Each structure stands twice: as structure tokens, then as C-alpha cells.
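Structure, as C-alpha cells:
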Amino acid sequence: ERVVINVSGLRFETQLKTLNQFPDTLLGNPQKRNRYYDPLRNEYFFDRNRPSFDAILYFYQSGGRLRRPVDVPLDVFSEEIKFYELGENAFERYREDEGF
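In terms of UniProt numbering, the sequence shown is residues 66 to 165.
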């Protein structure tokens with residue numbers, strides 16, 4: 066199944082297996098991402114920061130590689146990884162990498 070994730074108009078596509086590999090994340094948990102399902106367009110819609118998403122998605126494709134894009138403020142991106150609930154063990158690697 067191809068999944069279409071629509072972030073403020075920018076559509077990202079990925080395979081269901083890819084998201085499911087991190088089952089305790091907003092996107093990896095059907096009960097969580099479904100709260101965001103758009104029945105009308107058959108895609109999940111997020112009214113959020115666009116540039117932060119390449120990184121949220123690569124996190125799943127890469128097997129857990131969490132890198133903030135150079136042009137996304139520390140605070141914007143941190144709010145985003147928190148919302149997508151990427152997990153304590155990655156918020157940590159993220160913290161070590163950033164300075165705190």
C-alpha cells in the first residue's frame with residue numbers, strides 16, 4: 066500500500082511497511098495517524114511545517130536516522146519531532162547531536 070502524507074500541500078509518498086517499522090510513533094501507529102486521515106482525498110493531512118518533514122520521513126526510511134535540516138530552527142524541529150512522537154531514544158540522540 067502506498068501511503069500519501071499531505072503536509073500543508075506538499076505530498077510525500079511511502080510504503081506502509083516503512084512507517085510501520087516504528088510502531089510507537091504517530092505515523093507508525095494506525096490508531097494515531099488515522100485521527101489525521103482525510104476520507105475525501107484518501108491521504109493523511111498535517112497542517113504543519115513543511116520543511117521539517119523530509120527529515121521526519123527519512124527517519125523511517127533510514128532505520129532511525131534523525132537529522133534536523135540546516136534551515137529549520139532548533140525549536141521548530143524539536144516541536145515537530147515531539148508531535149510525530151518519534152520516541153525517547155531518538156529525542157536523546159537528537160539532543161546529544163544538538164548540544165543539550
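We put the CB at the ideal spot given by N, CA and C, even for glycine.
request  = Report the three-state DSSP secondary structure of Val135 (helix, strand or coil).
outcome  = As a working mapping, residue 135 is identified with position 70 in the sequence shown. Of the three classes helix, strand and coil, the one that applies to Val135 here is coil, per DSSP.
query = Apart from the five residues on each side of it in sequence, which residues of its chain come closer than 7 Å, Cβ to Cβ, to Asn114?
reply = The sequence position of residue 114 within the sequence shown is 49, counting from 1. Counting only Cβ-Cβ distances below 7 Å, and skipping sequence neighbours, we find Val141, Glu145.
Close-in-space but distant-in-sequence residues of the same chain around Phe77 (CB under 6 Å, 5 per side omitted) = Taking the sequence shown and counting its residues from 1, one reaches residue 77 at position 12. So the qualifying residues of the chain are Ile70, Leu122.
query = In or out: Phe165 buried (at least 16 other Cβ within 10 Å) or exposed?
reply = By 1-based counting over the sequence shown, the position of residue 165 is 100. The residue is exposed, with fewer than 16 neighbouring Cβ atoms inside 10 Å.
task = Compare the beta carbon distance of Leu131 and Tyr149 with 8 Å and say whether it is the shorter of the two.
result = The count along the sequence shown starts at 1 and reaches residue 131 at position 66. The count along the sequence shown starts at 1 and reaches residue 149 at position 84. No, Cβ-Cβ distance for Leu131 and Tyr149 is not below 8 Å.
inquiry  = Can you check which of these residues, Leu92, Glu66, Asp162, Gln126, is closest to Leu151 by C-alpha distance?
reply    = Taking the sequence shown and counting its residues from 1, the one referred to as residue 151 is at position 86. Per the Cα distances, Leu92.
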